[PDB]
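Report on one structure; see the data block that follows.
Don't worry about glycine lacking a Cβ; one is built from the backbone with ideal geometry, like all the others, and counts go over all protein chains shown. Every number in this text was worked out from the coordinates using simple rules, so none of it is lab data.
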Ligand SMILES: *[C@@H]1O[C@H](CO)[C@@H](O[C@@H]2O[C@H](CO)[C@@H](O)[C@H](O)[C@H]2NC(C)=O)[C@H](O)[C@H]1NC(C)=O
Ligand SMILES: *[C@@H]1O[C@H](CO)[C@@H](O)[C@H](O)[C@H]1NC(C)=O
Ligand SMILES: *[C@@H]1O[C@H](CO)[C@@H](O)[C@H](O)[C@H]1NC(C)=O
Ligand SMILES: *[C@@H]1O[C@H](CO)[C@@H](O)[C@H](O)[C@H]1NC(C)=O
Ligand SMILES: *[C@@H]1O[C@H](CO)[C@@H](O)[C@H](O)[C@H]1NC(C)=O
Ligand SMILES: *[C@@H]1O[C@H](CO)[C@@H](O)[C@H](O)[C@H]1NC(C)=O
Ligand SMILES: *[C@@H]1O[C@H](CO)[C@@H](O)[C@H](O)[C@H]1NC(C)=O
């Protein structure tokens, strides 16, 4: 679900897309976070900003 | 498009009902204005009013 | 780029141009029928050709917007109304011959006579009981007109069938059913064969009591013609007082149930009141407004001419309702202070009132749901005005006038000679025409099948069967020309189904001809809303809404005549009942 | 937890990982072509195999989200792009042999040489034939190639066809030609579906409509080549195949020097102006940038200029260099060129930059749908940039073409002939080749008859007769890189029809008058926005609809082809009224 104002959710629990109970990663089980790829050659909308 | 309050439009630009430009009238080229035709024998909703 | 959006823009343009050209055509035609002169003929023909030219161009453009891509059923139906090619699909040489034939057939109809044809031939038969005079007039006219009418009728049928095939119909009879079947809608579709069978089944369901009327009338003819009428076989057609066979009404003076019981009438009151054409219509308007039907506006009253103007500006004296468009509604009639004119004023007012209601829709939908509903609505208000309770309510019927059942029986017999006597004949004629267009009967057998089916369906036959050289059916005005007769039979039932719903709204217990459906404002307003539907909502749903069924309803007709059928049952015990096809007046 | 919601989660994850993994592959490929090293080969191989394994695994996971249960449509389409089995159904030994035979066919084609009266066919022998004035050398070259290389490709070509058909059955198609036709199918649309059979029928009907220009053009070409070699070529008979100057038969550019309407009339060539004006090659690129801004399309990113490598690597980095546009993912757009101060490089620069205008607009869509509407749109739109680059209005307004230039109808004819001969002369070739490949994959024609059928199709469809009879051992179509390799030729025909339909659609938006080759798209910001409205859709929308919003038609029309070459078609008719029109298929040097 969506976060509340100023809420900081730092959970690392694996999210399961389906009904089947899932532990760890799997076919329909994914880590909530994804990394950004920052490289000096990426375009303006993909570059990192502080 | 529709008019805004107190907006007046005096254009007679022909509307093209398809995806191509059209010079003058045609099968799907519609002149935006139509004339009136008033006769003394018309009904209350059809007679001219000032 | 979407077909529906382009179709809507097209139809809006169409409706504007169509309405202006419609007015020009209807006004020029009004002026000609209103004032007979060469100048109005010139305007009539020029405006008519211009309007038709417009429609052919708009049909060509309508065909560029396929019906299956339209989600708005109103738009889809309007496109369907324009996509039909009609007369434009037939090859030019076939069209040239077809139009030559129609004009020749009409010319022949008017050219022939009983050795002038109109109205004298029916006056001769209707006003004389001499068996031989009616027989002579019958044979004398058909011997002059049918010889020239047959070849042209047969070619007309073949060319119209070619037209229908070009329009994706099996034959022209199927083409007509295509015009009567509902289209432009989804899930209410009916098959043309089903419309045909529904009418045939309805006929067979009403027939068993019609045989009781037929036995009664045959016995009365026996009384008039003891040496010529068989109690078992077919009745002579020339004794009906109608060379065409359409009506049995001129037998009324012979068949009156109770001679001592005059029919209920107020004519004496209109004569002492001296109601003019405009007051007959305005009193009818008072009735119509109280019923709940829309009021007739001042424009109609000043523009219409309900009187005979005289020889200086002679009018065509054929009561008709005219819809000119853009609010211009008129009735042309030559009204006399009679009961037939009183009821005629109600028929044409209701007819134009239908036109008034449909004018609120788009031009392509400013047509009635069914051709039979305009006449049915007129006939309903005519019947309602005819109802003794109405005549009592308006106050024209003498304050001390007392109605009874036997007078109503005399009334019902006149109504039966008009409806019961005509329905098997008109039904038969429409089926005969269907077989000639369909091509079921070889051309050289069209008259033989007529004779055979006339014996089985109608029970009144030509006093002498005609030769294959002559086409007697085509001597009838509506057979010679391009006309579907399904609308007359079905219009009667349309009238009875509507009458049933109006009677139920009145909530009177008794026979359909007795209940007073005057006033009952909600019932008239509901009928008005049905009128407004025009072609926007199919005629089959209007009928379903009045009787709760997609099928034609046998019950209100038989319930209307039930006191008469009871009388006939009392007379039928002595008469032979049923028609044999083995014996004819000739044999 | 239903199929649509899980499909949405799955594809979003796939798009994130796909951008990073493809990018690693695209970087390795760029860096390798820029600088050829052992390390760059390992980067290409590692990124390629990891990305491929990734795609195979995600396709397998895609299979658990049935397409028919999804009501979203966008993910449905993304899954349709991902769901195709490819090699997963085909037996392991057939898959291994199919990859081996494709690599072998490519290797033989690119390493097999034709020994001089040894030289590689592409580009060496083709260049010699194109520049040579002796038809006997071209005839020898065709026979020598069949003798030296065709015998090496034929038996493998036949096995290749069978193995590809087996894969096509594994993918539920009648043959591999049908598999290629399937790239043009859409579904879930309001009457926009085209079938494979309809694609073929549309091509054949379009050719029947094209034919009058092809025949008038061909009659002119055939008669001019006959006048060039009147002792060999029949005045009635069709032209010999070796005379084309292109061993493949695809490029009719090698006949132009023999068919020049007037020896004294020039073609437009602005190379001398750039040199005399001392313009840098990167300036003609900057001028193309100015053109794109003027049309009304997005401006080029700074990342392009910094990441692109437009000049020839020369002798500093070992490199492979050719014009090409790259989309590396995540906003990284660049072009690789061997740029020169010449008109040919200018038109190429417009072609390749336009390809980046499209990749920049495609970036609005998810990675898996980050492509064009169809296979032929990319080159067709680059050709749209090329056509506006070629017209004299464009060149004169920039200043590449002299400010005192005035139109000369005969010069316009010389330009139009060269262009029609290249662009139109190839059209019936491309068609008979695609159709031949289709019949070959279908299996309707026996393997031995295939060579007959190719010879007959050349004669019947383009008026080209092989001067030397060949047996089954030799294979003529295999002389083209794309026949030995895995390539669908329907897209070249389709690209060109898209190209001319686009020139007309943008001409109508531009509101220009005159011959369609005269009509430009420079400035004309209505045409810019009209084009921008499809560029942003790419592969995500039905390609038939994606083109429909611009061209105004349910399918493509020939009419813009005749409009482009209208002065040429008229001129050709005027000369053809006196010359023989048509060709005899009975005449053959063999006979
Ligand atoms: C597109 O429009 C621009 C102006 O917005 C044109 O640029 C001018 O071209 C003429 C050519 O002789 C130059 O003299 C002007 O100095 C240019 N103006 C600017 C501001 O650079 C451009 O030529 C137009 N495109 C075409 C093909 O004509
Ligand atoms: C009626 O017809 C006569 C013909 O003599 C004509 O003069 C007159 O104007 C007509 N009146 C109208 C109203 O059309
Ligand atoms: C009319 O009603 C009276 C009531 O007594 C009855 O005797 C008579 O038979 C009825 N007539 C008919 C025709 O029903
Ligand atoms: C091939 O694709 C279909 C979906 O069309 C899928 O059901 C089947 O399991 C796939 N087979 C393999 C081996 O991936
Ligand atoms: C487009 O980009 C170039 C890059 O050098 C810049 O010079 C030019 O002003 C830009 N134009 C617009 C309209 O942003
Ligand atoms: C090519 O790449 C290798 C390995 O990264 C590098 O050592 C070499 O200097 C590069 N060549 C040039 C000319 O930069
Ligand atoms: C070019 O125009 C001249 C007239 O100025 C004409 O004689 C000549 O035939 C034209 N050439 C073409 C190819 O239209």
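Please identify, among A:37, A:18, A:26, the residue showing maximal mean-square fluctuation in a Gaussian network model of chain A using a 10 angstrom Cα cutoff.
Taking springs between Cα atoms under 10 Å, the residue moving most is A:37.
For peptide D:329-335, how many partner chain Cβ atoms fall within 10 Å of a residue's Cβ, on average? If you can, show how the numbers build up before the last one.
Details: counts 4, 10, 7, 5, 1, 1, 0.
What the average comes to for D:329-335 is 4.
What is the distance in Å between the Cα centres of region D:423-460 and region C:360-425?
Rounded to whole Å, the Cα centres lie 81 Å apart.
Hey, what did chain B get for relative contact order, percent, Cα under 8 Å, at least 6 apart? Write out the running numbers ahead of the final one.
Values: 31 pairs, mean separation 13.0, N = 50.
Value for chain B: 26 percent.
Over all residues in B:17-27, what is the mean tally of Cβ atoms on other chains that come within 10 Å of each residue's Cβ?
Working: counts 8, 4, 10, 8, 5, 0, 0, 0, 0, 1, 5.
If you average over the peptide's residues, the count of other-chain Cβ atoms is 4.
Which value in deg cm²/dmol, rounded to the nearest 500, describes the helix-derived mean residue ellipticity at 222 nm for the protein assembly as shown, given -39,500 (n - 2.57) per DSSP H run of n ≥ 4 and division by the residue count?
Values: 47 runs with 685 residues, N = 1278.
That calculation yields -17500 deg cm²/dmol at 222 nm.
Please label the shape of region D:195-282 as rounded, prolate or oblate, based on the square roots a ≥ b ≥ c of the eigenvalues of the alpha-carbon gyration tensor (a/c under 1.5 means rounded; beyond that, a/b larger than b/c means prolate, else oblate). Walk me through the numbers before you get to the answer.
Working: a/c = 2.50, a/b = 1.30, b/c = 1.92.
It comes out oblate by the Cα gyration axes.
Which percentage, to the nearest 5, of the DSSP beta bridges contained in chain C is antiparallel? Provide the component values of the computation, followed by the final result.
Numbers: 5 of 8 bridges.
Antiparallel: roughly 60 percent of the beta bridges in chain C.
Would you mind giving the mean number of other chain beta-carbons within 10 Å of the Cβ of each residue in B:35-46, as a whole number? Walk me through the numbers before you get to the answer.
On the way: counts 2, 2, 6, 1, 8, 4, 13, 7, 11, 4, 4, 8.
Mean partner shielding for this stretch: 6.
Is region C:145-244 best put as rounded, prolate or oblate by its Cα gyration tensor, with a ≥ b ≥ c the root eigenvalues, rounded for a/c under 1.5, and otherwise prolate when a/b is larger than b/c, oblate when not?
Because a/c hits 1.5 or more and a/b fails to exceed b/c, region C:145-244 counts as oblate.
Indicate the gyration tensor shape class of region C:373-420 (rounded, prolate or oblate), computed on the Cα atoms with a ≥ b ≥ c the square roots of the eigenvalues: a/c under 1.5 is rounded; otherwise a/b larger than b/c is prolate and the rest oblate.
Numbers: a/c = 4.01, a/b = 1.31, b/c = 3.06.
Oblate shape, in that a/c is at least 1.5 and b/c is the bigger or equal ratio.
Give the separation of the Cα centroids, region D:201-221 to region C:532-556, in Å.
Using only Cα atoms, the two centres lie 60 Å from each other.
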